[PDB]
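Engineer: need a 3D model of the sequence below.
(2 chains, ligands or ions: 2)
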Amino acid sequence: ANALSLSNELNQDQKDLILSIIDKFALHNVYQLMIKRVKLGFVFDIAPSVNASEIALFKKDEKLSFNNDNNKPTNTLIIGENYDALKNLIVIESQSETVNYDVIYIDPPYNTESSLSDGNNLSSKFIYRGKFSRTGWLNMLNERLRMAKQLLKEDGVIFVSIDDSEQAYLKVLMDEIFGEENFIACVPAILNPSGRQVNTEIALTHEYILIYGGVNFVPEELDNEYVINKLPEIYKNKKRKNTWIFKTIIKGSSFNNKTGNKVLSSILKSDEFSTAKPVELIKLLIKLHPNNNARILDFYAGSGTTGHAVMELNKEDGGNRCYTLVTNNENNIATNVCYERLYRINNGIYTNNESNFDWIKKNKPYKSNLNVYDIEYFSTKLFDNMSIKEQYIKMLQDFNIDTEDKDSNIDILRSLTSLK
Amino acid sequence: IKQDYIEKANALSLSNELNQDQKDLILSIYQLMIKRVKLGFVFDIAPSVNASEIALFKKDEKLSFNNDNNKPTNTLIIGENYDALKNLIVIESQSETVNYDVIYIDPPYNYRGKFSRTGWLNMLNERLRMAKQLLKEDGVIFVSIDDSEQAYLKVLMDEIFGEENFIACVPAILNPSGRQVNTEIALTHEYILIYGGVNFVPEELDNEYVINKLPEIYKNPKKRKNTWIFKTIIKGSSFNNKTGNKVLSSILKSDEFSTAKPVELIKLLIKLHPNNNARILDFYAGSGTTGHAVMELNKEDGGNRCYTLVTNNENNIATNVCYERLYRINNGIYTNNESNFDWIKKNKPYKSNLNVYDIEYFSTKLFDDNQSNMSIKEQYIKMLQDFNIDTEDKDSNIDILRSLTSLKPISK
Ligand SMILES: Nc1ncnc2c1ncn2[C@@H]1O[C@H](C[C@@H](N)CC[C@H](N)C(=O)O)[C@@H](O)[C@H]1O
Ligand SMILES: Nc1ncnc2c1ncn2[C@@H]1O[C@H](C[C@@H](N)CC[C@H](N)C(=O)O)[C@@H](O)[C@H]1O
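Structural biologist: Residues are numbered from 1 along each chain as shown, chains lettered A, B, ... in the order given. Ligands and ions are numbered 1, 2, ... in the order given. Shown next is the protein structure:
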């Protein structure tokens, strides 16, 4: 109704027939499919997000969840499909106070082949929701980025890291989701200064960081000392403190692709996981948000670099930020790499109670706490009882929500329809 | 009852383009439902071409000049690049060796309903497809574009030239110290979108040049010469946007044109194409930075390169800004018998050639007039000869009538 008024009349006669479909009628799903056909702009065939029967709730792994200091910020790690986690994350925030996250950072699978190899699907080709190649990859992030928006604060930021293989298409896609007026920058990251051998006989040296602000977000200025030590090539040559406006280019020794990977290898004692972001890159991004107690989210958490980064910044910043992570355990990367890295960083002993990894020999343990959650799926038929309601309340209670005045609802269980 | 036939068709085929749920929504919810959706941009109807008018070039003999028959011959066209491109396609079709090795353009960024008729992106769609027609198999096209509009152009050039041929999206750090626009942030970079037709491989860069011009980027021979593969980052002292603006004002002794690109940037790009004798095209020529760069690269490289420029007289720029630049650089003296501007006190004149053409419009039914049809027919032949075409073919009336129907200007 309102969306059609905004679109106006490029093809109005067809709209009159579309308006007839509303009268005949689970409507918004059909409207989105229609609008794509008639739309005048960037277009692709969206696939309808058909809510499966099952429902998704958080179950806390009490053995894996640890807590070293009650005074340190409380942090969260959700293990499972990020589509189900985000549905649960939104329900938690609604029933909660101080709603939504101050910062969002994600490193989604760049390539269409990379997504299939070790991630979501539905095995010879990449197919998502009956769609192949780019349409799949686009459909994927559209529905996740829609939710991510719902979770972002009015004065919040969302950072996204992309390759050249989907960057332009994601910036157009994110323009639709977050609004083209809120596009802040498309910052280049020279993470491979030496240049990687590329099929087209060129030395691809760079990467992007799409920044989209909430409607009234103003980026924070960088501290002189941080900018001189960390980004010496970009900042060189008088009220309050000495600060720098963020320059839309990221390049420096700390911000190498090899740095982030070597760190992980040193903590994990394993080079199995080969794609990690520089911890310093993410510190710089979250530094752009003025609240140094910001709530950071990263539903493509991978090796937990976001978590380690927040912790490092807190040590240097002097403020207490909490992070929420989500990552599926495809080949255990979620269970093995995220937990191991975060555990070893926090306590200095391996899960096998062995302390031989190089990192702890070099630096001291952070001594923070991490809550681990799983995704348990219950049947829609059994929904359409007492066990579901019971666990939902535990989830809310798990996140420090006063549950004396909250009850299970059909509206809320409808919100948590899982993905097939 | 028509439902039964529609239901049968739905049940008959499904396949990739339809999701089982999509089929369920098509039957649960007809030409609109059966319409196919392509991944990319949908555009409003563009401005119709004038069926009752044609455009032709007409050399300005007073303005065009020649200094050295051994140096390459270059071209400057004044007017709407859409009408200019339509002629250039007719010129190449009748030319012995067809089409350009290098296209560089820096279009304007620009409420504008993109995808609309006069929308910034629609007009670029129309002109880019023609430039696609004007590019050789083993050629390149460079477009400079800003932080915000870079993505829409990239997916467009994906449609027009194909994503298979996307080479790089180079960040050019052309404002080392940022400038705040649209938001509280120091915007420091631009993008260069590199596309090439099949059979094009970028040339490696000379160590000596790479070291002086880009020392920050090419930090520390099996073959014959020292070569660096092109890194997708352009940070240099000589790649400043203020640098290109000071050069232009060094020549013109005027600050009237504020958005001049550095010539070192456009040198690095055309220096990316293999052969020294290359044809460069730039149908958004602005102040002619592309022309200055081809000549300067020729002085450094030793190869003879010809450029073709096109720019309109929006604010008289193409006459005052673009021509004066090219003129004062070739001739070593202002056009009005003066010689006191800075550039020529610091560097030698190139002493090269340049031809200036205007775009003239002649209403149809002037063919009905006997004296006008001949005038148009001779002006068409004069074009070809001005661009070094033999003209033995297409002298007849049939061939001329086929190429004149191809040159129709835009609606105004
Ligand atoms: N549908 C999905 N649901 C949950 N996790 C996913 C999904 N798709 C990909 N992932 C994970 O998200 C992470 C994406 C990574 N590229 C992120 C890298 C991360 N920035 C790091 O420093 O390690 C990987 O661990 C993937 O296995
Ligand atoms: N339809 C058009 N036809 C010809 N020129 C145009 C047209 N639209 C814009 N322009 C010109 O294209 C140029 C685009 C400039 N931004 C390019 C600047 C140029 N690259 C320089 O370094 O000086 C401007 O001079 C515009 O006046």
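Engineer: what residues does the stretch 201-350 of chain A have near ligand 1?
Structural biologist: Applying CB under 6 Å from any ligand atom, we find that the stretch 201-350 of chain A lies next to ligand 1 at A:275-277, A:300, A:302-303, A:305, A:326-328, A:330, A:333. For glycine as for every other residue, the C-beta is placed from the backbone atoms N, C-alpha and C.
Engineer: can you give me the strands for the stretch 201-350 of chain A?
Structural biologist: Taking DSSP state E, counting those that start in this stretch, the strands of the stretch 201-350 of chain A run over residues A:203-204, A:207-213, A:222-223, A:243-244, A:295-298, A:322-327.
Engineer: mind putting those into JSON lines with mean neighbour count and distance to residue A:145?
Structural biologist: Below are these laid out as JSON lines (neighbours: other CB atoms under 10 Å in any protein chain shown; distance: least, CB to CB, whole Å):
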{"stretch": "strand A:203-204", "mean neighbour count": "20", "distance to residue A:145": "25"}
{"stretch": "strand A:207-213", "mean neighbour count": "24", "distance to residue A:145": "9"}
{"stretch": "strand A:222-223", "mean neighbour count": "19", "distance to residue A:145": "27"}
{"stretch": "strand A:243-244", "mean neighbour count": "16", "distance to residue A:145": "30"}
{"stretch": "strand A:295-298", "mean neighbour count": "25", "distance to residue A:145": "12"}
{"stretch": "strand A:322-327", "mean neighbour count": "26", "distance to residue A:145": "14"}
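Engineer: ok, longest helix in chain A?
Structural biologist: In chain A, assigned by DSSP state H, the helix with the most residues is helix A:133-151.
Engineer: which helix or strand lies directly C-terminal to that helix?
Structural biologist: Following helix A:133-151 in sequence order, the next helix or strand is strand A:152-162 (DSSP states H and E).
Engineer: leaving out sequence neighbours, find the closest residue to residue A:359.
Structural biologist: Of all residues not flanking residue A:359 in the chain, residue A:267 sits nearest, at 4.3 Å (CB to CB, 6 or more residues apart in numbering or on different chains).
Engineer: surely the one you found touches residue A:357?
Structural biologist: Yes. Between residue A:267 and residue A:357 a contact is recorded at 6.0 Å, counting by CB atoms under 8 Å.
Engineer: so which of the two has more stuff around it?
Structural biologist: More neighbours surround residue A:267 than the other of residue A:267 and residue A:357, with 24 against 20 (other CB atoms under 10 Å in any protein chain shown).
Engineer: next up, the contacts around the more buried one.
Structural biologist: Applying CB atoms under 8 Å, 6 or more residues apart in numbering or on different chains, we find residue A:267 in contact with A:340-341, A:344-345, A:357-359.
Engineer: between those, which is closest to ligand 2?
Structural biologist: residue A:341 (48.8 Å; CB to the nearest ligand atom).
Engineer: the closest one touches residue A:264, doesn't it?
Structural biologist: Yes. Between residue A:341 and residue A:264 there is a contact under CB under 8 Å: 6.5 Å.
Engineer: spit out the residues that contact these two alike.
Structural biologist: Counting by CB under 8 Å, 6+ apart, the residues touching both residue A:341 and residue A:264 are residue A:303.
Engineer: so these two - more neighbours on which side?
Structural biologist: Taking other CB under 10 Å, residue A:341 and residue A:264 do not tie; residue A:264 has more neighbours (27 against 24).
Engineer: give the contact list for the more buried one.
Structural biologist: Residue A:264 makes contacts with A:273, A:276, A:303, A:305, A:337, A:341, as judged by CB under 8 Å, 6+ apart.
Engineer: the same query, at a cut-off of 10 Å, please.
Structural biologist: Residue A:264 sits next to A:270-277, A:279, A:302-305, A:308, A:337, A:340-341, A:359 when contact means CB atoms under 10 Å, 6 or more residues apart in numbering or on different chains.
Engineer: among those, which ones are buried?
Structural biologist: Neighbour-count burial (16 or more other CB atoms under 10 Å in any protein chain shown) applied to the contacts of residue A:264 gives A:273, A:275-277, A:279, A:302-305, A:308, A:337, A:340-341, A:359.
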